[PDB]
């Protein structure tokens, strides 16, 4: 059995330490107990295996030994809906992932760029957020809006985008309640917020299902969004088309996925850029040099030439990746190849790919946000390891890499290229339109709110904006 981490009280264990700051908690535990330990997380023994080998052990674990959906389903199933994601066996997840991956081809991503640019530009023109030549804005609130508009406009389609002008705003706010910290223990309890979650889940499904049906009734296709796509990409291995309900639920899940992860990340980008005016000027000059002084429209093709924009994202993900903790249930006992250790089935296991990304071993002056450290290498997709196809195409199991913001193994992100496209596009447009600065006498960046397993800026962070024109 791995070394149990010292705590003071029963069933609180190291929850508070972990919840306040996972990374500081993991590094301290590391210095005192090595690369493997067990801490009591809300009553559950939770074995943490750190370092690249830890990530490999947990993320490349066999389906026999490690279960994800068992740990997640109580929380996510009420939110996303039935028969998708984690409310099915792995094999079905793998196909659903394949379906979405289908929907995210170059032709799809191509079409999304001018739609995303238009949303950002129209937001900046129309929102109260940025009225005036010079001002302050709430970064997280503003960025969350921009991400929801950009993702729903491109990925979700016209009808959903348009409904965010009326009811979807309130629906998604209420559905998001499902991710309340309390639902890590009572996701099944009919507390008032969960009641609102469910009402919201139901009406959201309803509307999607109406949008789908109304498409069929016109017998037509008009764009590259994931709808027209799942309607056609309905076919499962056994010949069954994905039912309208599963499509609705998949879309809900994809909106939730993008919103949480991307909005957090884009917020951090803005906050970093505000602390680093040198870097923003570089980005601006890169756009001048690589696209021209006339600053022509952003396209899928010319974005990929924005080398520093990409590194700004990569480096931000290195320090601020939204998911800090990947947890699996141990289903059959497992042992650590190089040790006497064995992990019982009363344990969960936890990987933290964020730990290696801010380690001195792998990254010199790790806590320094410097995009230029990537001058050694850049890729929006990088893989030098062996490859495994789990059902949604070939992907690296890559964990010799200390940098895994999109995870690894069968459960790894299939949103990664869309995320880059969206973050890259938002950033490029913002870089054209603005300069950002911290508020008077504020140095550096805000604290991180570690909650709901989603990192984000803590508190209400304003930065100053000035329009270039």
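Numbering follows the first chain given and starts at 1.
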Per the PDB entry, mean CA B-factor is higher for 299-307 or 146-154, namely for 299-307
Which of 72-80 and 176-184 has higher mean CA B factor, as the PDB entry lists it: 176-184
Have a look at 441, 409, 34, 51 and flag the one whose Cα has the highest B-factor in the entry. 34
Per the entry's Cα B factor values, which of 103, 391, 135, 241 stands out as the maximum? 241
Would the CA B-factor of residue 13 place it in the lowest, middle or highest third of its chain? highest
Once the chain's modelled residues are ordered by C-alpha B factor and cut into thirds, is residue 66 in the lowest, middle or highest one? highest
Ranked against its chain, the third holding the CA B-factor of residue 456: lowest
Once the chain's modelled residues are ordered by C-alpha B factor and cut into thirds, is residue 128 in the lowest, middle or highest one? lowest
Per the entry's values, where does residue 260 land by CA temperature factor relative to the rest of its chain, in the lowest, middle or highest third? middle
